[PDB]
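Below is one structure, written out as structure tokens; comments come after it.
There are 2 protein chains.
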Amino acid sequence: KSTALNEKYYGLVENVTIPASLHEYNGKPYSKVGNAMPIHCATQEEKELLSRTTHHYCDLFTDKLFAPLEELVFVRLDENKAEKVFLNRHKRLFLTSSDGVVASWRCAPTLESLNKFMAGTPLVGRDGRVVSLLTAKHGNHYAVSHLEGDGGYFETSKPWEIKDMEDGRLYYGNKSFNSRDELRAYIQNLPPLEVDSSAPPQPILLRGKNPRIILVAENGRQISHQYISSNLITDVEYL
Amino acid sequence: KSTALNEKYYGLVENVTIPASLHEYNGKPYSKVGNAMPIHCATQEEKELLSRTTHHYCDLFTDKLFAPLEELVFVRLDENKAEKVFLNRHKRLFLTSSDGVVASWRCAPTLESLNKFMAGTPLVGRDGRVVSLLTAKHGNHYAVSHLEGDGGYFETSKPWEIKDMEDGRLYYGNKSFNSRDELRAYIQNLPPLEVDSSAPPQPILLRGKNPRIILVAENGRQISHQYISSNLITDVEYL
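Just so you know, the sequences run in chain order A and B.
Each residue of the first sequence is one higher than the last, beginning at 1 in my numbering.
Each residue of the second sequence is one higher than the last, beginning at 240 in my numbering.
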């Protein structure tokens, strides 16, 4: 029934009827809308089928595009009520996902709520069409995964590795180093970059003051290295 | 002598002495500071050596880190004069470069000047240490290539391909399509992703209202696909 786990609803509550069904994975509840659901709530066998028809959204499976994301959304509380909230495009949460085909990332806008929503809780726009489902949060800030904003994906079956950086340290591939000399010595002695179906690329998120996304080959050679914003919230809880 | 090509200097001109040497490539002038220079001003034989010791800056070779970038810089006009300007972190130019080792990009902050500076013109901070050299410009806005702002690089010997998008088209790898069905059919029938030293990855910048960076394999399979901001100025002139 309820997608909000708290009994007393907070915020601006309006009478909006938004369908959802309730499910469970790994001891945590989640909701679906038809076949649409968060990727992190899917078993591997589910991902292997849902990945073949979905549109590419970070941490969401859906066979049809979601409706457009505007200035506000309604977040489902229960069968008959929803919370009306503004979208915040200034405060962004960094989402990651993998479905066995693509490893996606997104600098997602957020909404702030004192309610405790489960994964997969649907959000609708003014006309009642589903615009997104909830995925991850930090504190009271919930990401809104959609097709706007900075984001991307890597073509690989490997899941993300999520790591933390140290100030002043240097990073290449899977490794970190005290100095450029140590880093360059390592690079020089690696075999040449190679990628194939038995050697899929590994995506890495490095969190910290100067955060990075790295794509590294099975043999240790870098494929890509990117600097992302220190303002992104990368300490996130997948619901 | 002069790194500004106009005879009458505009702006706030101060007595600051900044060393530089004058050079020419393909009939266009450029300046160096010691061994430091813009990548786009180097011959292939020069790149092949300079690439082996340089630090990673988009479109700049330097064996030593540049000094920190703060709120303002002085841009060399001639042997004894420089223009005092503010750094603008709101208006960003998108830079690309390749040195045969890495294909880099950067969302660079800018400075505005009515003077016409050549490529490689040095910029210094309050203490006179070189902070960057000029690379590209759009209008009166010059990029400041440095270690700040979003950016990255791909490990490859290929140079960038720079393309313009068309309304209504979908993009995968090297190709564009009028419908999702045709795009998905194309992907399904490519050989599996493969990369090696005789099949290096190809970086592509797609410019337009919904711009992209795509890294594609020699055989046409994607390695990565990312969405970047339509506010980035991607129409730039390498000086």
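All C-beta atoms, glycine included, are put in the ideal place defined by N, C-alpha and C.
So residue 42/A and residue 117/A are supposed to be a Cβ contact under 8 Å. How far apart are they, rounded? The beta carbons of residue 42/A and residue 117/A sit about 19 Å from each other, so the pair does not count as a contact at 8 Å.
7 Å Cβ cut-off: residues of chain D touching residue 122/A: Among the protein chains of the structure shown, namely A and B, there is no chain D.
Might you give, ordered along the chain, the residues of its own chain that have their beta carbon closer than 6 Å to the beta carbon of residue 443/B, omitting 5 neighbours on each side? Closer than 6 Å at the Cβ level, and outside the excluded window around residue 443/B, lie 400, 453.
Are the C-beta of residue 151/A and some C-beta of chain B separated by less than 8 Å? Chain B, which has a Cβ nearer than 8 Å to the Cβ of residue 151/A, makes this yes.
Which residues does DSSP list as the beta-bridge partners of residue 98/A? When DSSP reads this structure, residue 98/A sits in a beta bridge with 103/A.
Cβ pair count under 8 Å reaching 3, the region 374 to 382 of chain B against the region 404 to 413 of chain B: No contact exists between the region 374 to 382 of chain B and the region 404 to 413 of chain B.
Within 10 Å of its beta-carbon, does residue 448/B have 16 or more other beta-carbons around it, so buried, or fewer, so exposed? By the beta-carbon neighbour count (other beta carbons within 10 angstroms, threshold 16), residue 448/B is exposed.
Counting pairs of beta carbons, one from the region 300 to 317 of chain B and one from the region 362 to 375 of chain B, are three or more of them closer than 8 Å? Between the region 300 to 317 of chain B and the region 362 to 375 of chain B there are three or more inter-stretch CB-CB distances shorter than 8 Å, so the stretches are counted as touching.
At which residue ranges does the region 438 to 472 of chain B contain complete beta strand (DSSP E) runs of 3 or more residues, listed in the order of the chain? Look at the region 438 to 472 of chain B and you find these whole runs of beta strand (DSSP E), each 3 residues long or longer: 441 to 446, 451 to 455, 461 to 466.
Between which two residues does the beta strand (DSSP E) harbouring residue 410/B extend? Following the DSSP letters along the chain, one finds residue 410/B inside the beta strand (DSSP E) bounded by residues 409 to 411.
Residue 329/B: buried (16+ other C-beta within 10 angstroms of its C-beta) or exposed? So residue 329/B ends up on the exposed side.
Can you confirm whether residue 305/B, when its beta carbon is compared against all beta carbons of chain A, has any partner nearer than 8 Å? Taking Cβ atoms only, chain A never reaches closer than 8 Å to residue 305/B, which makes this a no.
Residue 85/A to residue 123/A, Cα distance in whole Å? Going by the C-alpha atoms only, they are around 10 Å apart.
When the Cα of residue 97/A is compared with those of 72/A, 56/A, 127/A, which residue comes out closest? Distances from the CA of residue 97/A to each of 72/A, 56/A, 127/A were compared; the closest alpha carbon is that of 56/A.
So does the region 421 to 433 of chain B actually touch the region 451 to 466 of chain B, counting three or more Cβ pairs closer than 8 Å? Yes, since at least three Cβ pairs between the region 421 to 433 of chain B and the region 451 to 466 of chain B fall closer than 8 Å, the two stretches touch.
Given 7 Å as the limit, tell me if residue 418/B has its C-beta closer than that to any heavy atom belonging to the ligand MN. With respect to the ligand MN, the structure shown offers nothing to examine, as it has no ligands at all.
Cβ atoms of residue 121/A and residue 21/A: under 8 Å apart, would you say? Taking 8 Å as the Cβ cut-off, residue 21/A and residue 121/A do not qualify as a contacting pair.
Identify, in the order they occur along the chain, each residue of the same chain with its Cβ nearer than 6 Å to the Cβ of residue 439/B, setting aside the five sequence neighbours on each side. Hits under 6 Å: 395, 396, 397.
If the criterion is Cβ atoms closer than 8 Å, does the pair residue 322/B and residue 250/B meet it? Going by C-beta atoms, residue 322/B is nearer than 8 Å to residue 250/B.
According to DSSP, is residue 381/B part of a helix, a strand, or is it coil? DSSP, read as helix, strand or coil, puts residue 381/B in strand.
May I ask you to report which of helix, strand or coil DSSP gives residue 425/B? Three-state DSSP puts residue 425/B in a helix.
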